[PDB]
There are 2 protein chains.
Amino acid sequence: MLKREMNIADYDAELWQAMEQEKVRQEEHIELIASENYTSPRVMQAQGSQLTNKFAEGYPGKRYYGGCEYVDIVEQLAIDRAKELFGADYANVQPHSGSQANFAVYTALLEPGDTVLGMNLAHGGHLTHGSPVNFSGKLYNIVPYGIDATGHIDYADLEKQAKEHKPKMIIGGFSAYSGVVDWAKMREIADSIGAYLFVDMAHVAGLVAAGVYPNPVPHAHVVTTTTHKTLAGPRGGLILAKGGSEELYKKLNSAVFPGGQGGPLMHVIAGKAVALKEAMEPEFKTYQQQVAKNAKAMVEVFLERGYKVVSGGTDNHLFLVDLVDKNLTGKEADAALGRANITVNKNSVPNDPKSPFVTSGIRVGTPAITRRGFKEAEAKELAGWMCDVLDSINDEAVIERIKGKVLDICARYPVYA
Amino acid sequence: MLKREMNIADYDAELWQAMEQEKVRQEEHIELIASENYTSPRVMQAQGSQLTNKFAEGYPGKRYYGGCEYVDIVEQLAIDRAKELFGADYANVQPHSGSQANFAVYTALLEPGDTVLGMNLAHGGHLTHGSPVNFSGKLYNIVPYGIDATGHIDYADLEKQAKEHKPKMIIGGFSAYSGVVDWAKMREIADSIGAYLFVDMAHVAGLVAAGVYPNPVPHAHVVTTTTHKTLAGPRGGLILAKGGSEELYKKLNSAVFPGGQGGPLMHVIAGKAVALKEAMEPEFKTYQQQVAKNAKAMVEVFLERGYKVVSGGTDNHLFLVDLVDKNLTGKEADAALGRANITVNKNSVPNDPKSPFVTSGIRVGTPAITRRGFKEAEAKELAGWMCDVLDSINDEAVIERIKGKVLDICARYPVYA
Ligand SMILES: *Cc1c(COP(=O)(O)O)cnc(C)c1O
Ligand SMILES: *Cc1c(COP(=O)(O)O)cnc(C)c1O
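Going by what the PDB entry lists, chain A is known as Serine hydroxymethyltransferase and is assigned to Escherichia coli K-12. In UniProt, chain A has this text filed under Subunit: "Homodimer." Its UniProt record gives chain A a comment under Sequence similarities, which states: "Belongs to the SHMT family."

What follows is the structure, encoded as structure tokens:
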């Protein structure tokens, strides 16, 4: 039946039409939506490989069915590289998503109905970290802890509510506009209660990978991350652990399979193995340093133009722009910048007068533009254009003026050259 | 950074080595492991597309973030084709796996701790259908129902245990060696108790797609399936429903997102849309008829050679070979046929004297060989070779004799020509 050509575009016309229109969009839009990144052509071509036909159920070396003698090596490379890169003695590259990566931890260490002191969803919290609409909040009792006025973690507030409710696990996952997390302090608090320390570094994986952001793995029980964000990866999940007992490692192993999922996607795992090797390169370090370098350069521009930035400056690669004083909503800023081909997302400010859906502020990330080839001089130029739109918010002529400059710089700096 | 070449093999040597060794294996091994199939090059090339960079969270037409104007069309094509093909007015192509596809149904319609009358795991039952090691059995109370001696469903036994325990949902998923399921009878039983009717046709999706196997969708509440088995698809899940209320459709919609998973894999969904179009072709029908035609031809050979086949003959594309009378174990039959490059899996027989891990029998499927180009004359030849190995089970010369013939027929009939 299979003649080994069937080009995606001689059979299905309308699907290819929509496929290439998205390709044009990505080549003509500035992506400043937080922690979104472009992946390697090595990953793409490994993801679209013949390994999608292979059904391997279980773990390498101890599979159920025969003929898994070669795919065990493919997965082991992804495991061994994950261990060496983040300095862990445990790695799991089978979870389909970051939501599934977290799901395993809850089913392994927690009973249905246990008190979990997770980060507040209303103030930058993740869905899998405790949400009424998510499985995490429905099955488990969630008691939220809040951050301080600037955005940094109140360590005295975390020590409280710990004796009041006595949680079995505390979630110290990274959220928006928050600075560095003292994970050494997290362990001291968790040990006094007798609770598990769970840290989700999904958002800041690439920065820890190069050595720009502190590593939570050395002093945490279970650490989860996405392989497709600040690490430039296939879309998936990862479970890492350091300094634990083998009886606790097999808890997480059983939590993935046969916990919540069946056979892992080997074509994605092949893309995971190559992506980790690219992160080990010295060229990945210079890129990741330039990500934080561009983030700082942008904050300088917004402050000089009279726009308030949360926490004064940026710690990593994310910064939130306050628009309360300018009397503008984040929904109106999103649509205005969206028309000028600048992709930003609306975000709620601390002490927001307006609806959490109207947001009165915007969130800007820098990993997508740095991957393209934007330097400090290009990052300040783009930040200058954004302020031009925010000044004349309803002037249509100004929006078209910026878009033309955006279309030019996208033509000068392509994603895939 | 990205120079738009980075061939998978000039950077990572050992990964490509393992990748091509699996490609050689698949081209030199006869796959008779049940319901495993080779996918289209259209799917592979759409799975390894630039759509992996796109982050679209939510549902088409009502996304959270801007710039999702084109990916809504990509997903809608996968939805519209899924509806028309299986005759449903509801489709969901976002679930990452069949385990996640089932997970949504349980979280949407059932409370944690509800009595569920699912199929017996010990006798052909699926893991997500009620298993002590799986999330389905841990969160929900599972009461198992068993099949009759031949393998067909005891309808009187299903009517019992329904008043004894009063379940809120009954699972009528397809299992091994079972014939046709009277799904019209399933509805009559479920309505009397006031329970949801959940049918998993994952294993027999392609046969229903062509019109060889009866369709459970017209008379069932919720129907789930994998898009990567007897349908020749990207590895994923699908939720279908027909004749329900909109308040029950939005239960399943919320069950996927923000139920158990975040943003869907758009590169896989693009592969899902093209795979459904290929199933609509008249050439897919003639293939699927030839799948059942080869299954019947093989049973004829095994019966003439004095080997017992469960249920007398095959109903669809799966048949189980009994080896109790021959005094051979399914573990020894697996290893012997495995060395002759025949990939079969060990399976337990009804009333098994030996361990469920030693299995005293084997399970053979026919969708992989039919996809390659095997007809009735080629299917009977292969079945003849299998019996030659089972007759002289410890004779090493015979095993090498068959392998040579297997290597020849694989060279004559390639997967991707
Ligand atoms: C079919 C199947 C699944 C579905 O996902 P796979 O990719 O096929 O693993 C899950 N578990 C079992 C036991 C299956 O047979
Ligand atoms: C990061 C993220 C996830 C992880 O999976 P995606 O593919 O990025 O969707 C899940 N939910 C939310 C809200 C996320 O930000």
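Peer 1: Go over the site of ligand 2 with me, naming the residues and quoting the values.
Peer 2: By nearness alone, every residue bordering ligand 2 is listed as A:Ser97, A:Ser99, A:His126, A:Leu127, A:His228, A:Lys229, A:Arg235, B:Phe55, B:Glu57 and B:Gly263. Chains contributing residues near ligand 2 are chains A and B. Here a nitrogen atom of ligand 2 sits 3.4 Å away from a polar atom, N or O, in the side chain of A:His126. Between an oxygen atom of ligand 2 and a side-chain N or O atom of A:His228, the distance comes to 3.3 Å. Contact with the protein chains hides 88% of the accessible area of ligand 2, taken as 370 Å² for the molecule alone. In terms of residue class, the shell around ligand 2 is made up of two nonpolar, five polar and three charged.

Peer 1: Explain the packing of helix α4 (residues 98-109) of chain B against helix α9 (residues 246-260) of chain B to me, using residue names and the numbers behind them.
Peer 2: Each pair of packed helices can be described by the angle between their axes along with the distance between the axes. Residues and elements named next belong to chain B. At their nearest, the axes of α4 and α9 sit 8 Å apart, and the two run at 120 degrees to each other. With respect to the hand of their crossing, α4 and α9 are arranged in right-handed fashion. Residues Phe-103, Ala-104, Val-105, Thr-107, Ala-108 and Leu-109 of α4 form the contact with α9, whose own contacting residues are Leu-248, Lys-251, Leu-252, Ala-255, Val-256 and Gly-260. In terms of residue class, the contact of α4 with α9 is made up of nine nonpolar, two polar and one charged.

Peer 1: Got a sec to walk through the relation of the copies chain A and chain B? Specific residues and values, please.
Peer 2: Once turned by 180 degrees and shifted 0.0 Å along the axis, chain A lies on chain B with an RMSD of 0.0 Å. The transformation relating the two chain copies, once decomposed into turn and shift, fits a two-fold axis. Relative to the rotation axis, the closest C-alpha in chain A is found at A:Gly48, a distance of 1.9 Å. Taken as a fraction of all interface residues of chain A, those also at the interface in chain B reach 100%, which identifies the copy contact as same-surface.

Peer 1: Lay out the environment of B:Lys405 with the relevant residues and their values.
Peer 2: All names here are of chain B. The residue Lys-405 is located in helix α15 (residues 396-412) in this model. Each C-alpha atom, one on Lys-405 and one on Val-364, is 19 Å from the other, the two residues being 41 residues apart in sequence. A distance of 3.4 Å separates a polar atom in the side chain of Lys-405 from the backbone oxygen of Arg-401.

Peer 1: How would you sum up the domain arrangement of chain A? Please name residues and give values.
Peer 2: Residues and elements named next belong to chain A. Domains assigned within chain A are domain 1 (40-280) and domain 2 (281-417). Between domain 1 and domain 2, the C-alpha centre-to-centre distance is 29 Å. Contacts between domain 1 and domain 2 engage 27 residues on the former and 17 residues on the latter. When the area that domain 1 buries against domain 2 is broken down by residue, the three leading residues are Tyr-177, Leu-207 and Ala-210, summing to 27%. Along the contact surface separating domain 1 from domain 2 lie zero salt bridges. Scanning the region where domain 1 abuts domain 2 turns up four residue pairs in polar contact. In terms of residue count, helix α8 (residues 205-210) provides more of the side of domain 1 that touches domain 2 than any other element does, four residues in total.

Peer 1: Can you tell me about the interface of chain A and chain B, naming the residues and giving the values?
Peer 2: Each partner contributes residues to the interface: chain A has 84 residues there, and chain B has 84 residues. Between chain A and chain B, a total of about 8400 Å² is buried, with carbon and sulfur atoms accounting for 60% of that surface. In terms of surface lost to chain B, no three residues of chain A exceed A:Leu2, A:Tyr11 and A:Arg235, which account for 10% of the buried area on that side. Where chain A meets chain B, there are four salt bridges. Taking the shortest distance from any N to any O, the salt bridge between A:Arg81 and B:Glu14 comes out at 3.8 Å. For the pair chain A and chain B, the interface holds 28 residue pairs in polar contact. For the side of chain A that touches chain B, the secondary structure elements donating two or more residues are α1 (13-28), α2 (41-47), α3 (71-86), α4 (98-109), α5 (135-139), α9 (246-260), α10 (266-279) and α13 (367-372) of chain A. Top element by residues in the side of chain A that touches chain B is α1(A). It accounts for nine residues. Considering only residue class, the side of chain A that touches chain B consists of 37 nonpolar, 27 polar and 20 charged.

Peer 1: Got a sec to walk through the sheet that holds strand β6 (residues 141-142) of chain A? Specific residues and values, please.
Peer 2: Residue and element names in this part refer to chain A. Across the sheet, which stays open at both edges, the seven strands sit in the order β4-β10-β9-β8-β7-β5-β6 with mixed pairing between neighbours. Two strands in the sheet have a free side with no partner beyond their single neighbour: β4 (90-92) and β6. Pairing of strand β9 (residues 222-226) with strand β10 (residues 237-241) involves four bridges; the strand directions are antiparallel. Note that in β10 the partner of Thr-226 across the bridge is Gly-237. The strands touched by helix α7 (residues 183-193) are β7 (169-171) and β8 (196-200); relative to β8, the strand with the most contacts, the crossing angle is about 150 degrees.

Peer 1: Run through the pairing of β10(A), naming residues and quoting values.
Peer 2: Residues and elements named next belong to chain A. Summarising burial for β10: five of the five residues are buried, a large majority. Burial of the side chains of β10 extends over both faces: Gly-237, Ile-239 and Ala-241 are buried on one face and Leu-238 and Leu-240 on the other. Pairing of β4 with β10, which is carried by three bridges, proceeds in the antiparallel orientation. Its bridge partner lying in β10, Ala-91 is registered against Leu-240.

Rules used throughout
Residues numbered from 1 in each chain as written, not as in the entry; some residues may be left out. Chains lettered and ligands numbered in written order. Heavy atoms only, no water. Residues with missing side-chain atoms left out of burial classes, pairs and counts. UniProt positions renumbered as here; feature names shortened; annotations may be inferred. Near = heavy atom within 4 Å. Polar contact = N/O pair within 3.5 Å; in protein donor to acceptor, adjacent residues only side chain to side chain. Areas by Shrake-Rupley, 256 points an atom, 1.4 Å probe, with all protein chains shown as cover. Nonpolar A, V, L, I, M, F, W, Y, C, P; charged D, E, K, R; others polar. Axes fitted to C-alpha atoms, helices over the stretch in contact; angles between N-to-C directions. Helix = DSSP H or I, 4+ residues; strand = E, 2+ residues; numbered from the N terminus. Left-handed = near helix turned anticlockwise from the far one by under 90°. Contact = heavy atoms within 4.5 Å. Least-squares fit on C-alpha atoms. Domains from an automatic or database assignment. Buried area = accessible area lost by both parts, 1.4 Å probe. Salt bridge = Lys/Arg side-chain N within 4 Å of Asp/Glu carboxyl O. Pairing = 2+ DSSP bridges. Buried < 20%, exposed > 50% of the residue type's maximum accessible area, 1.4 Å probe, protein only.

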